[PDB]
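Engineer: Those protein sequence lines, which keep their order, are chains A and B.
So in the UniProt record's numbering, spot 115 of the first sequence is number 115, and the numbers just go up one at a time.
So in the UniProt record's numbering, spot 155 of the second sequence is number 156, and the numbers just go up one at a time.
Here a beta-carbon is modelled for each residue, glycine too, at the ideal position from N, C-alpha and C.
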Amino acid sequence: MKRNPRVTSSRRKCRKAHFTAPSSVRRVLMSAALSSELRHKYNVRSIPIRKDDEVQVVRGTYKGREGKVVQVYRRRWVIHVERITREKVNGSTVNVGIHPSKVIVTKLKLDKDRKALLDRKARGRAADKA
Amino acid sequence: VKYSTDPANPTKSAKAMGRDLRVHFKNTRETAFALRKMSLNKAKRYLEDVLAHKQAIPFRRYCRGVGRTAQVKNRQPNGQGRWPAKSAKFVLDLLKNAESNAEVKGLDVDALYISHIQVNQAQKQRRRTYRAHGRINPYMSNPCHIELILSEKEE
RNA sequence: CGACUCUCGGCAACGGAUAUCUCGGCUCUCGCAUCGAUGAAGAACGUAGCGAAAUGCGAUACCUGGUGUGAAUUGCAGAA
RNA sequence: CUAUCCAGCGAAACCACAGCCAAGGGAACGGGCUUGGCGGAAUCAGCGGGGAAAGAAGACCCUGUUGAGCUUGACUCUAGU
RNA sequence: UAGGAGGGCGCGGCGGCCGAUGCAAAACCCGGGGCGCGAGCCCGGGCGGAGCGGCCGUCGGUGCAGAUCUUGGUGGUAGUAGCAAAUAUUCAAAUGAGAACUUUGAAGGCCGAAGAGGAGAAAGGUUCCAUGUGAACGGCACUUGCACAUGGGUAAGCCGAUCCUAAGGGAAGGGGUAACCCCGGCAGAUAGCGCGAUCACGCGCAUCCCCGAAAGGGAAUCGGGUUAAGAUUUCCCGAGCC
RNA sequence: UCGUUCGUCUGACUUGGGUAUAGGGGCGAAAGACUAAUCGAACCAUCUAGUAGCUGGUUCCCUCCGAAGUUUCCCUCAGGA
RNA sequence: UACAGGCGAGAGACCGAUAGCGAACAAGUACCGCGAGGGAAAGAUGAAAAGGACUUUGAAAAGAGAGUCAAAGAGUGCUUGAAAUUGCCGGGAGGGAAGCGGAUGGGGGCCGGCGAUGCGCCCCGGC
Ligand SMILES: [Mg+2]
Ligand SMILES: [Mg+2]
Ligand SMILES: [Mg+2]
Ligand SMILES: [Mg+2]
Ligand SMILES: [Mg+2]
Ligand SMILES: [Mg+2]
Ligand SMILES: [Mg+2]
Ligand SMILES: [Mg+2]
Ligand SMILES: [Mg+2]
Ligand SMILES: [Mg+2]
Ligand SMILES: [Mg+2]
Ligand SMILES: [Mg+2]
Ligand SMILES: [Mg+2]
Ligand SMILES: [Mg+2]
Ligand SMILES: [Mg+2]
Ligand SMILES: [Mg+2]
Ligand SMILES: [Mg+2]
Ligand SMILES: [Mg+2]
Ligand SMILES: [Mg+2]
Ligand SMILES: [Mg+2]
Ligand SMILES: [Mg+2]
Ligand SMILES: [Mg+2]
Ligand SMILES: [Mg+2]
Ligand SMILES: [Mg+2]
Ligand SMILES: [Mg+2]
Ligand SMILES: [Mg+2]
Ligand SMILES: [Mg+2]
Ligand SMILES: [Mg+2]
Ligand SMILES: [Mg+2]
Ligand SMILES: [Mg+2]
Ligand SMILES: [Mg+2]
Ligand SMILES: [Mg+2]
Ligand SMILES: [Mg+2]
Ligand SMILES: [Mg+2]
Ligand SMILES: [Mg+2]
Ligand SMILES: [Mg+2]
Ligand SMILES: [Mg+2]
Ligand SMILES: [Mg+2]
Ligand SMILES: [Mg+2]
Ligand SMILES: [Mg+2]
Ligand SMILES: [Mg+2]
Ligand SMILES: [Mg+2]
Ligand SMILES: [Mg+2]
Ligand SMILES: [Mg+2]
Ligand SMILES: [Mg+2]
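#1: What is the rounded straight-line gap between the Cα of A:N95 and the Cα of A:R83?
#2: Could you tell me which uninterrupted beta strand (DSSP E) segments, each at least 3 residues in length, are contained entirely in the stretch 39-69 of chain A, listed from first to last along the chain?
#3: By DSSP, does B:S5 sit in helix, in strand, or in coil?
#4: Let me make sure I understand the geometry here. Which of B:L95, B:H146, B:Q126 has the alpha-carbon closest to that of B:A15?
#5: Can the beta-carbon of B:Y47 be found closer than 8 Å to that of B:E148?
#6: Along the chain, where does the beta strand (DSSP E) containing B:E153 start, and where does it finish?
#7: Using only the alpha-carbon positions, how far apart do B:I115 and B:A33 sit?
#8: Determine the extent of the beta strand (DSSP E) in which A:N95 is found, giving its start and end residues.
#9: Which of the three DSSP states is assigned to B:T29 in this structure?
#10: Output needed for B:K13: all residues of its chain with C-beta closer than 7 Å, excluding positions within five of it in sequence on either side, in chain order.
#11: Which of the three DSSP states, helix, strand or coil, is assigned to B:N79?
#12: Say whether the stretch 118-126 of chain A touches the stretch 43-50 of chain A, bearing in mind that this needs 3 or more beta-carbon pairs closer than 8 Å, one atom from each stretch.
#13: Taking all protein chains shown into account, do 16 or more other C-beta atoms lie within 10 angstroms of the C-beta of B:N28, making it buried, or fewer, making it exposed?
#14: Can you tell which of A:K68, A:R50, A:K129 has its C-alpha closest to the C-alpha of A:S24?
#15: If distances are taken between C-alpha atoms only, which option among B:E31, B:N42, B:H25, B:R30 comes closest to B:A99?
#16: I need the straight-line Cα distance from B:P11 to B:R132, nearest angstrom please.
#17: Thinking C-beta only, is A:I98 closer than 8 Å to A:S35?
#18: Just tell me which of B:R127, B:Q122, B:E31, B:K106 has its CA closest to the CA of B:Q81.
#19: Skipping 5 residues on each side, what residues in its chain have a beta carbon closer than 7 Å to that of A:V81?
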């Protein structure tokens, strides 16, 4: 149960916050989980998903399909992954939509900012357990 | 989509329908009613004769005001009937469409007969007219839905 | 046998009730004290590669700059 | 020229349920009740007897401790002089 | 009957208890079976596709047939009343899926110029012109259009406005006013000073500011050409004028 | 509104535009006429859910009990105690 | 101490699209009035547009096949989808209303907890 009398526990406000969040806020909301191998290696559970990351679907009808992130299409709360597609009636091919909370990031697109971000998150999870 | 009726033998049936057609529901209802159970070749010629004002359509439910004529004497003794031209043309469109449907499948065109013809009212469209003393009254149309099924006659 | 009228049932229409919802409303409580001649509130006209409205902005015109974040915007096209 | 008949288009008023009469009784002039006369599908064009037909919470009259326009020797005031 | 009371039924929340549901919740549908004197209730079948129910206590915007009730939807009337002023159309051909209604030609008629002709002021605002077009709309119809869509189109020293005053309006100092506001002749170093001068000074200051007419007053233009749509005088050619 | 028929037509004539008068006020060759289909006091909003002894309506079941149109007073007689 | 405005919050035995503010939506909008002013209606496909290629008839709109989907009969005003009223198919009845209450007779339609086959003595032959 909440203690901070500045955070709202109302269904109406919490939904408004979610569905009217700006782009800089959807990056955190559309966050994915590290794989078992990476969670073991970086000591972080989950990260905000990036353009060139590699994922594996773990819940959809496409469960067990791996691929590369090709678009983090924040305006629809979705990511398209390479070759995760279906064909339209006319025969054209379209990329199907995946929510970041139903994939695991099997490989990281690491940068200077990502390395620092992994550090800060790793410094944290240890700072409570120890 | 779904018709009011299942074809008695669906393999030897062709079907046509049209929705929201701007023709009078009442006249179109009488036209269809007088066509039911006819063989197709008689159906096409009967309707063409009404268009050429040579045969008539009896009016039975919606008849209050309709004039009397000698042509409809064989079927309606009280002589009351008309020649709804626009109704006959619309049905000829769908009758020919269902005939084309059958030739695709492979039915015996000369063995076909109207197994089911149905007219239903559609959403009325609105216009308006002007009456004395600065008043407005509705001036509306009564469009109809038509669905038909031709079936091969069995012995 | 039929037509018409009334009626029962099945199917199909017409219409938008009901149910299930809800970034809205209403009510209560709390914090704070900040318009203008240095031109306000309000009004007008413009402004986007493709826009009419709403939203935003002012010939630097759906923005310029700084700072934070850290890889998108997206209906299509293009520099990338 | 309409009305009339045809192709096309296409309203509204009104509507408890309805719609053949005679007498009786009845809120003292019934379409329905009582007792009689009768009474046979479905349709077209007219007509103005009836529906105490429609239109409009009678404008006449009365009531109300409801008004308002106007008048004056009504009561109480008031600008002006 | 008017009226009073008791015991129940039903609806939606809250505190508690006991439960159903993707092996199909709610709602709705039925010539399905039952229970209760009744309010109502239980089950079957179907439809639907994610929520719901019973019991105790407690609470309320809690039960409809009426109110010329409110809003919405729907009938009969009824394919009916009706489409009848302004004299009038006809033949061929073209087009087109389709022609009484479009187009060309021919014929027959009308307005008869205080016109059914040619141009403007007000008012409108793109209706103007070309190209195309499914629906709707043009109370029949349409290939069509004053509709719809996409484009195009309004050129001035000389036409106007603009300048001047009319009736009249607003107005500074002043007078009134609780203040918003109301008063312009009341006469105040009245607003503005004007003119000659600059190389500075002089003179004079009288009935005085602004607004108010695309029909009053008023600097100046004519002819000939030109577009799908602009011009008689805005563009082109020539010739003038203020 | 339309048809025919009528009144007047050098005048106290017809008419456009501008301007003045605004609600117990205007304006009236006077009809209580006209003041935007509104006039014996316009229209708009508010006070305002104005008041009504008067008309209309007033939503589930069963069971039990069950009337009054009479007295007195009231500007009281369609009302109330 | 006050605080229907402003800005920033947090709650609720409140309403659930005819309710709640007039406005959940390009709502003080469209539209009306010379004006002061008046003032609406209108939310919901699907998990994902995967929003229906192609063939055939038609001038077209569309239809019939097909394709997508768990589903389109969820097909761009698309969750569910009531009633009034309407069409078709099947059945029934009718001499100037119909409907209604009690009876029953004929048809339908439906009902297997709609309606039982078990219990006591016994003789084995095994548990
Ligand atoms: Mg007639
Ligand atoms: Mg009028
Ligand atoms: Mg006719
Ligand atoms: Mg009699
Ligand atoms: Mg009577
Ligand atoms: Mg009798
Ligand atoms: Mg008879
Ligand atoms: Mg008659
Ligand atoms: Mg009569
Ligand atoms: Mg009456
Ligand atoms: Mg009365
Ligand atoms: Mg009295
Ligand atoms: Mg009085
Ligand atoms: Mg006196
Ligand atoms: Mg409540
Ligand atoms: Mg209530
Ligand atoms: Mg009701
Ligand atoms: Mg009642
Ligand atoms: Mg007629
Ligand atoms: Mg007439
Ligand atoms: Mg002349
Ligand atoms: Mg034109
Ligand atoms: Mg038309
Ligand atoms: Mg001037
Ligand atoms: Mg002038
Ligand atoms: Mg002039
Ligand atoms: Mg020149
Ligand atoms: Mg006359
Ligand atoms: Mg004369
Ligand atoms: Mg004359
Ligand atoms: Mg005049
Ligand atoms: Mg004048
Ligand atoms: Mg008088
Ligand atoms: Mg009240
Ligand atoms: Mg009374
Ligand atoms: Mg509302
Ligand atoms: Mg509203
Ligand atoms: Mg389904
Ligand atoms: Mg569905
Ligand atoms: Mg759903
Ligand atoms: Mg639906
Ligand atoms: Mg129904
Ligand atoms: Mg039948
Ligand atoms: Mg009976
Ligand atoms: Mg029986």
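Structural biologist: Quick look at the numbers:
#1: A:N95 and A:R83: Cα-Cα distance of roughly 7 Å.
#2: Taken in chain order, the whole beta strand (DSSP E) runs of length 3 or more contained in the stretch 39-69 of chain A are 46-48, 54-57.
#3: In the displayed model, B:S5 falls within coil according to three-state DSSP, outside both helix and strand.
#4: Checked all of B:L95, B:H146, B:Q126; the closest Cα to B:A15 is B:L95.
#5: Contact flag unset, no.
#6: From DSSP, the beta strand (DSSP E) with B:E153 extends over 145-153.
#7: Going from the Cα of B:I115 to the Cα of B:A33 covers about 10 Å.
#8: For A:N95, the enclosing beta strand (DSSP E) stretches over residues 93-95.
#9: Residue state, collapsed to three classes: helix.
#10: If you ignore the 5 residues before and after B:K13, its C-beta comes within less than 7 Å of the C-beta of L108, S152, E153, all in its own chain and listed in chain order.
#11: Coil at B:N79, not helix or strand.
#12: These segments touch.
#13: Result: buried.
#14: Taking each of A:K68, A:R50, A:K129 in turn and checking the Cα distance to A:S24, the smallest one comes out for A:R50.
#15: Nearest C-alpha to B:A99: B:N42.
#16: Those two C-alpha atoms are separated by around 53 Å.
#17: Not in contact: A:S35 and A:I98 (Cβ atoms no closer than 8 Å).
#18: Selected option, being the one with the closest Cα: B:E31.
#19: Excluding sequence neighbours, A:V81 sits near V55, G67, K68, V69, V70, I98.
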